[PDB]
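J.: Quick note: the sequence shown uses this note's numbering, first residue 415, plus one each step.
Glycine residues also receive a C-beta, built at the ideal position from the N, C-alpha and C atoms.
Have a look at this one.
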Amino acid sequence: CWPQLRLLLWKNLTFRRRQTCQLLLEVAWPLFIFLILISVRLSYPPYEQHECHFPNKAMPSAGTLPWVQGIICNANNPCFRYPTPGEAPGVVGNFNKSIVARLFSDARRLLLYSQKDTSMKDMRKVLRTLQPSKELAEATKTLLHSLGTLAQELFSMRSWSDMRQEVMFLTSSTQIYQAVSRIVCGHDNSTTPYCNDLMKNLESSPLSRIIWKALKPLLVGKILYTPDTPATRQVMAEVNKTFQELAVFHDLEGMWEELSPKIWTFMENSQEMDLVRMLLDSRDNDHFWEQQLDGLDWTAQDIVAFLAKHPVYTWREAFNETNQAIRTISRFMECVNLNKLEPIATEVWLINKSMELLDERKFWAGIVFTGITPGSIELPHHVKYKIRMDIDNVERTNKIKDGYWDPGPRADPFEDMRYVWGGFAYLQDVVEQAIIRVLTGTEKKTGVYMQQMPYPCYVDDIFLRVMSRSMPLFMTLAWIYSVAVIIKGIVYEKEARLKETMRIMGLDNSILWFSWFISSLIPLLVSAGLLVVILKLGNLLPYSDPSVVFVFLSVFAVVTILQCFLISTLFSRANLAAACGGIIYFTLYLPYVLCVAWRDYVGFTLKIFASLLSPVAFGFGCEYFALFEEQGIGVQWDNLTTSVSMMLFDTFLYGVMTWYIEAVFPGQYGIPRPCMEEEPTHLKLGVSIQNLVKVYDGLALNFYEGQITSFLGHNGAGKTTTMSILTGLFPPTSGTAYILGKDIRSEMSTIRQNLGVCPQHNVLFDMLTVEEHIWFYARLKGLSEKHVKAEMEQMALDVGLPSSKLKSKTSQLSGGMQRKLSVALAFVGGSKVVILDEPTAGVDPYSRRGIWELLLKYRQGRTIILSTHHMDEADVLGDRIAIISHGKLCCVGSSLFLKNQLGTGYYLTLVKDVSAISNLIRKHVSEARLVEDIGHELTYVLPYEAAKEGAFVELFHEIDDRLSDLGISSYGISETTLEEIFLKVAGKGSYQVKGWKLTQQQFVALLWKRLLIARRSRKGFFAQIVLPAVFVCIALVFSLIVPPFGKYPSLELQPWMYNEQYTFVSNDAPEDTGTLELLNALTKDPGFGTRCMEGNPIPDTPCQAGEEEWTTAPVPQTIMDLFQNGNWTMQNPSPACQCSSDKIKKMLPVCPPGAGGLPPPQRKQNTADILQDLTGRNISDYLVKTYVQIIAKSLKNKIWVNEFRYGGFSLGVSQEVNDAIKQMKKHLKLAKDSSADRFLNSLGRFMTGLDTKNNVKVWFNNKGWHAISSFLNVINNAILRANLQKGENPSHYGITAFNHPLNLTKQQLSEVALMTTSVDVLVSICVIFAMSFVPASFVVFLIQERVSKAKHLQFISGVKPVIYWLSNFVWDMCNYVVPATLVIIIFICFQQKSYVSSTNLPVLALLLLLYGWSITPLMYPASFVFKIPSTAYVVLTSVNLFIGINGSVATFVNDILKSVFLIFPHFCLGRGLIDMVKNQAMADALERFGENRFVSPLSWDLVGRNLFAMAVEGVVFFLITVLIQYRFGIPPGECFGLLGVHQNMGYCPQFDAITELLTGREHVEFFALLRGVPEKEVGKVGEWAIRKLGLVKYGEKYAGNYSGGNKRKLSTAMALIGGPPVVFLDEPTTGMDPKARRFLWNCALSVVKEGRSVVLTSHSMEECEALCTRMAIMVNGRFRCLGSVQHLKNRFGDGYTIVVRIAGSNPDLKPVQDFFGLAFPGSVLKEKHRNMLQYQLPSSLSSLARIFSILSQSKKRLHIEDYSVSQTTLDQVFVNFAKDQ
Ligand SMILES: *[C@@H]1O[C@H](CO)[C@@H](O[C@@H]2O[C@H](CO)[C@@H](O[C@@H]3O[C@H](CO[C@@H]4O[C@H](CO)[C@@H](O)[C@H](O)[C@@H]4O)[C@@H](O)[C@H](O[C@@H]4O[C@H](CO)[C@@H](O)[C@H](O)[C@@H]4O)[C@@H]3O)[C@H](O)[C@H]2NC(C)=O)[C@H](O)[C@H]1NC(C)=O
Ligand SMILES: *[C@@H]1O[C@H](CO)[C@@H](O[C@@H]2O[C@H](CO)[C@@H](O)[C@H](O)[C@H]2NC(C)=O)[C@H](O)[C@H]1NC(C)=O
Ligand SMILES: CC(C)CCC[C@@H](C)[C@H]1CC[C@H]2[C@@H]3CC=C4C[C@@H](O)CC[C@]4(C)[C@H]3CC[C@]12C
Ligand SMILES: CC(C)CCC[C@@H](C)[C@H]1CC[C@H]2[C@@H]3CC=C4C[C@@H](O)CC[C@]4(C)[C@H]3CC[C@]12C
Ligand SMILES: *[C@@H]1O[C@H](CO)[C@@H](O)[C@H](O)[C@H]1NC(C)=O
Ligand SMILES: *[C@@H]1O[C@H](CO)[C@@H](O)[C@H](O)[C@H]1NC(C)=O
């Protein structure tokens, strides 16, 4: 079994090598795919980012100055890469090095000191006393002390010394930025054009691009509120106070203008300044000043120089600088809108005013209070308010998350930070604080800070994940090509009956399947190894062992090969299977991507039950590979095992299914599973049949060695069954068959080793040479190398191709040479018993004679068993003819015995009065009669038993005597043929219709034929109507699940919008009662917010009742010992872990347990979430470590990891001045209703609104889109509930905030309407792909009818092919229209207002109609150049899909492009659909906004140009299709057969040309309707033709299910429908059966005898000599008689043939042979047998009387028993004419 496997492997490798066309592409396709993949990979490098923290943002309630400082400088999330000091639980600053803060603190200190200072009083007292004494010295000392204290207080500021330097340095790109960052924080018709171009150059400068967007809605915006309720009025007045807190710079200009002259005259010409300047320079005061100054700068000399009078830095310069600064800050503040408060009556007017202000580019958010009942009391204890703002300034409310998870803290300052720079959080906090202050009436000041949670050193490698999760597509493209190739190969080897021949030679299917598996696995394994190598080298899958991926790809190759072995058992056409394999593989892989989208509810059992396919298992393996690759550790030898096990189970299942289907459902050739002469005993016996039986008798026949015995039968008895049983593959019955002494049922393998079989089909492999065939067959026989070479040389010498030009050439020989080689190949191995099956089927007589010579040369003891339907072959070759019938043996014996036992007498033929010759013959012969009389031919019959006494000689002498009297020109005599013995043993309409009505009749006939072939196709090509239907159905059901992408509902800001989350509360500095009560109110019965309190005022979220436990999670002993080691302080409280080392890219840092440090006490807060106490713990490090470890643990299980925590809280701790200011205002220059009073009040308010007792940091995760506002509302509600007194039941006390964006403007609606292409193009492509399936049926029907089936056969008669094409187009439109209408109704069923509208439906309908009308003729010329059916479907579908994708990409993107792309109807339909949807969307947007537009879609600009374009395109395409086709002596009753005007000629093609879906009578009815037969008598003509050509019992049956004889009879019936004067036939009886060819011959004779000549061409000379009368051999062409029949047999024919048999036997008589040789001089020994001789006499036919005389005289002397004399045949004359060429 090993040499056979080696031979099969060699044959497969040689088949693969000799092509040199598929293997190089099989190698280059995956190479190109992976090169494109690595080229795309090299363009997207991985994005690495270090771990970093974010600063804390200050809200307006935490002070105006810190809020402004946080807004201005740190507004870009610098991600400082280190824990900022603001994240510490104690300090909430990070603005300690600010200069503005120091200046404000120094100003506050100076203001507080100026009240207690009384130096002015002492100076006035000294001035009054001076205007020496005792109290004068004490007064002077007190004045000096006060002056020294004032100087020490003034010189300790040092704030203006830096601000002045900064402002002079302000008046190179990074220098100004650094100066601003140092001065701020740490490290047109409406307004004047001044602020206009100020803002213009601010937007035009690359310095405030991140600051102007945040400062625009602060000083330009405007706030509106509804309704006009006194409670709303109070809360908005509080908001206005909060806003005007920073209005101190407004009333400063008036104060400066009022206090400038006073201070000027006080410093210029006042006595106080004079006394101060006089007391500064002296002899003893210098030491006092030097001591009081403590060595600081600006000594007394500088003091006198600065405070001098009439003057380098004098106080006048500082005065002018202060004046200029006040002037410029007033000019800046002049256009700062601080009156942003507008009350509106109702909501719709508020929205209208909001849109109007948005059109004016000055509009901030608007508050809408719900449930107020205008006219009410202070508050209803539950305030509900919504904040409406522009969609470009707030986060979207349609979704709360990004969808698919990805690393990254989402900290973009502009794209995902609209809640900060948009102004939502600030205004929300202000409104919440105002509501709290109005509800409680308290004076507490609690600040709120926004701290963002840091991220633990993430990297971005999304491309790697996408490539590793979408691997199967690129991994299986080239493999789909390869499996298509191998499927084509398998189906080609199966269809050519090669597997049946291998099984006949003694081979099992197991070894064939194994050889195919190996030959398909070798190149697949090579490709898998190369792909593994290129993946390891190209850094596409690094840190991965090549061995595991190599074995994975090997298992994938094995399972794909077994899938192909399963699929190949369902097809019978090589090209069709090759085209369908890739589609089947694609639709079998599609389940993987279908399941990967809905994997949220996919269980393990469902995955296992769905893992019966190979692509889904490969996808699961690739997902596991990606999961183990994204963490940098890779996959090595250590899920995947389950995937490999499922793939092996799939291989086993595919193998079992293949073994089952091959047995139960085989092809059209397999078997499905649930007158006796004396036997010559002088030779050897090879086969012995004894009582063979079957399923519905007795067979006793013996075959001898040195004889070529025949086996005849009607193919209906037990002849073919017995021949098959003798060859094996069939279980025998209760009988015996001893082949060379071996029983069939006993041993079958020993018999097949020496048994040659030659079936009807020639067995020759393609791409192979004849010497390779000989070698392969000889090696499969079982011979050694020397015997193989000897047999090859002998066969090359015997066949007749001893030349290197034919031995090394492929199967390019003629049919005769191929048949001769196939016959000779059955004699390899020295087989002692051979069984032939119909040799020389359709070869010319020369190749027939050659094969006969080869068979006679291979007769030396080989037991040749002939089996053919030809009688002349079995007569001239069969030595013992055996004819059986009815399953039993009827006759057996030699040719002479069978002809002389039950045959008829000789047949004489005279070729030129018929009564004189008949009377003479009846006078000479006893019982003679006339057989036939045809044109120049008279044939009679004579009894063979008569004329034995010597009457033959006298008759021949009488004929030769008066031969010139009669008109006979030549005479001949022959014997009885074997065909007669085998047969003995077993349309007109009375008038023509050709004319004007003939065209209409042909049109209606073609339409009727097409309707009949389309109606009877319920099982055939009927999917062309239901497949586009379901395609459009699924395309529409896919378009009803996509959101409109233009809706923003009212989203309630609550932290419970997510399923599960973790919270935390950190009580820092637990020594204050306020922080303790705030923590209590935050962790009391009401809970965090308004989730559950006296009910559930939030939809679809009920609260839990009982959950209260302060428990700690267990900890292993390892971490316990690690932390008992010690040295774990606040700084570095846990072992950190590195991330993204060199050459190792890690998505998240992995490190051993103990990263968090300790499990904090967790407790469920009765709100579907748990909180953990983090008091006294490092918040940032703990959060980072817990987040990274939780994400790692959740990703290690592959459970679609999502966010873990969202928010947490950290509580901590941070009038006299006002009183002093009031005293100063009253004490000095007191006034009222002036600018000074207002400025002092504003300054006092600003100084008061900057100190906060306690504060809370709200840690929020920016991954949640609405996480900051939710927890802000929560902490505001907690602050509200903490400020309640006397126990007001804080359960029903809460504040609810909403987020509802305003209505979209015109531009936004236009962009939303235009952004629908991403949905429209998919529907357009799906509709195009569904509608491009109808013309494919028409084009494949045209291809099927084009290959000599119906086109040329109808063109033979007058059919006017233009009318044929017109009828085809009409029927295609009528078929296309019904399906188009059905699709339109299906579309109409659904409610798609974009199409069902009264202005979109008829235009949609006519567009589809025109698309069909234009696409029908486009594919018409594609059927011309296609010499294969059932294959253009997939190619044309791929071309249409490519054109559709090209049009879609062109529409995606221009005028000239759209103008020239109109030639494609798919592009036209796509553009029409796109324009229709766009017009509908624009009209809907205009109706929604309040406009009116009635633009009809039928305008020539939008839609209507494409319609005319497609119409003219279809017209010119039909014209081009019509023009392409055009490319711009035989007397009556003479069968003049060529032995090499349209309506009056009949034609019969060689190959059968019938439709497989029509009946027998319908064919002749259609052909009569085409031949000008009236519709009235067309049925009578059809019935007449049916009765003439037989098959009456099969008149109503599909012609496709007929047999060869039935198809030939149908062709003959069609050939004589109209009754032409001359009918042309080509091979009428080919491969038929006796008793059936005689019927066609008699029909032809009856046709020709009625005065209608026939012209028949064929290869069998027996049919020609039995039918034709004049062998018109047109060597020179045209018409030329070649001397009839008998004339040609007597003129150029050979001599006679005499077969003689001796009376004596055992074994023969040499004297008879000697006398026969001595009698005739030209006697040749044609065949010498035992008791049987035959001889040939050339050039001695004219003396036949003398030959008969000598035979009669020698019968008694030579002891002759039987004799026979016959003439030459027609095939002998043919080979004689062809041998001399
Ligand atoms: C919670 O836990 C985290 C870590 O788990 C703690 O964060 C640690 O403490 C500091 C955070 O404020 C970090 O100190 C910084 O370290 C930087 C690293 O630079 C190098 O440091 C190494 C020593 O590790 C030196 O040999 C090198 O020469 C480098 O200096 C320092 O650069 C940084 O110094 C600052 O530089 C800036 C700019 O020059 C100055 O303006 C500034 O004044 C300061 O000098 C600073 O020393 C520390 O690295 C960080 N991580 C670790 C592992 O310690 C938190 O502190 C914990 N929470 C609490 C409340 O303690
Ligand atoms: C809300 O505050 C604004 C300014 O903070 C107030 O507008 C001031 O008063 C009148 C307009 O009512 C103007 O003459 C002033 O110039 C405005 N600005 C300043 C700085 O005084 C407004 O009156 C306040 N409204 C309510 C209802 O309190
Ligand atoms: C608003 C009014 C009341 C402020 C009055 C205080 C002003 C006039 C005084 C107090 C402190 C003084 C400053 C003290 C220090 C210096 C640094 C020196 O190199 C230039 C002069 C300069 C800058 C002085 C300018 C004048 C000064 C700013
Ligand atoms: C006789 C042999 C040598 C030639 C056979 C032609 C083969 C190689 C060509 C002709 C038609 C081609 C197919 C046409 C359609 C498709 C569908 C597409 O989705 C995958 C490629 C696939 C499956 C092509 C594979 C290669 C193909 C089958
Ligand atoms: C900043 O912190 C320092 C301590 O390092 C402190 O002295 C200073 O007052 C702080 N600045 C503030 C709170 O503005
Ligand atoms: C805003 O949109 C809502 C949503 O339907 C609609 O009811 C309202 O009339 C619209 N208002 C304006 C001014 O367009």
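Hey, how far is the Cα of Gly1349 from the Cα of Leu2155?
T.: Those two C-alpha atoms are separated by around 24 Å.
J.: Using a Cβ-based criterion (distance less than 8 Å to any ligand heavy atom), does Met650 qualify as near ligand 2?
T.: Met650 Cβ: within cutoff of ligand 2.
J.: Does the beta carbon of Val634 fall short of 8 Å from some heavy atom of ligand 4?
T.: No, ligand 4 has no heavy atom inside 8 Å of this Cβ.
J.: For the alpha helix (DSSP H) that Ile1265 lies in, which residues bound it at each end?
T.: Segment 1259–1271, the alpha helix (DSSP H) holding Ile1265.
J.: Who does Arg1577 pair with in a DSSP beta bridge?
T.: Note: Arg1577 sits in a beta bridge opposite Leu1585.
J.: Enumerate in chain order the residues of its own chain whose CB-to-CB distance from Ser1684 is below 6 Å, with the five nearest sequence positions on each side excluded.
T.: For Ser1684, where only same-chain residues beyond five positions count, the Cβ hits under 6 Å are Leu1467, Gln1468, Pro1469.
J.: In whole angstroms, give me the CA-to-CA distance for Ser1453 and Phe1878.
T.: C-alpha separation (whole angstroms): 26 Å.
J.: Is the number of C-beta pairs between the segment 1407–1418 and the segment 1135–1143 that are closer than 8 Å three or more?
T.: Contact between the segment 1407–1418 and the segment 1135–1143 is absent, because fewer than three Cβ pairs lie under 8 Å.
J.: Which residues are close to ligand 5, meaning CB closer than 6 Å to any heavy atom, in chain order?
T.: The answer, residue by residue, is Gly507, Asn510, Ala515.
J.: Compute the beta-carbon to beta-carbon distance between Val1726 and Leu1718, rounded to the nearest angstrom, for a pair I have assumed lies under 8 Å.
T.: That belief holds up - the Cβ atoms of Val1726 and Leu1718 are roughly 7 Å apart, short of 8 Å.
J.: Hey, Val1171 and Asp1251: beta-carbon distance below 9 Å or not?
T.: Closer than 9 Å, so yes.
J.: Going by beta carbon distance, what residues of the same chain come within less than 7 Å of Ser1138, once the five residues before and after it are set aside?
T.: Cβ within range, chain order: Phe1144.
J.: So what does DSSP say about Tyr1462, is it helix, strand or coil?
T.: Three-state result, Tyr1462: coil.
J.: Which ranges does the alpha helix (DSSP H) cover as unbroken runs of at least 4 residues, wholly within the segment 980–1068, from first to last along the chain?
T.: Runs found: 988–1011, 1018–1024, 1028–1044.
J.: List, from N- to C-terminal side, the beta strand (DSSP E) runs of 3 residues or more that fit wholly inside the segment 858–893.
T.: Counting whole runs of 3 or more residues, the segment 858–893 contains the beta strand (DSSP E) stretches 860–866.
J.: I need the straight-line Cα distance from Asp1064 to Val1797, nearest angstrom please.
T.: For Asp1064 and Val1797, the distance between alpha carbons rounds to 39 Å.
J.: CA-CA distance, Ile1605 and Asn1053?
T.: C-alpha separation (whole angstroms): 19 Å.
J.: So, are the CB atoms of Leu841 and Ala779 less than 9 Å apart?
T.: Yes. Within cutoff.
J.: Does the Cβ of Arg1695 have 16 or more other Cβ atoms within 10 Å, making it buried, or fewer, making it exposed?
T.: Buried, because 16 or more other Cβ atoms sit within 10 Å of the Cβ of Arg1695.
J.: What do you reckon, are the CB atoms on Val845 and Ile801 nearer than 9 Å?
T.: Against a cut-off of 9 Å, the Cβ pair of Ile801 and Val845 comes out as a contact.
J.: Locate the alpha helix (DSSP H) running through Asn2020, then write down its first and last residues.
T.: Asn2020 -> alpha helix (DSSP H) spans 2018–2028.
J.: Can you check DSSP and say which residues form a bridge with residue 2214?
T.: One cannot answer for residue 2214 here, as it falls past the ends of the chain, which runs 415 to 2195.
J.: Give the secondary structure of residue 2196 by DSSP, where H, G and I count as helix, E and B as strand, and everything else as coil.
T.: Past the boundaries of the shown model lies residue 2196; the chain is included only from 415 to 2195, so the question cannot be answered.
J.: Measure the CB-CB distance between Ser2153 and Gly2109 and report whether it falls below 9 Å.
T.: Closer than 9 Å, so yes.
J.: On a Cα-Cα basis, can you pick out the residue from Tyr1074, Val1101, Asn1782, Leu1099 that is closest to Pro1088?
T.: Cα-wise, what sits closest to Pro1088 is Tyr1074.
J.: Got a sec: does ligand 1 put a non-hydrogen atom nearer than 8 Å to the Cβ of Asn1541?
T.: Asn1541: no, Cβ never under 8 Å from ligand 1.
J.: Using CA coordinates, which residue listed in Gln1721, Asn1691, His1714 is at the minimum distance from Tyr1707?
T.: Of the listed residues, the one whose Cα sits closest to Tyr1707 is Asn1691.
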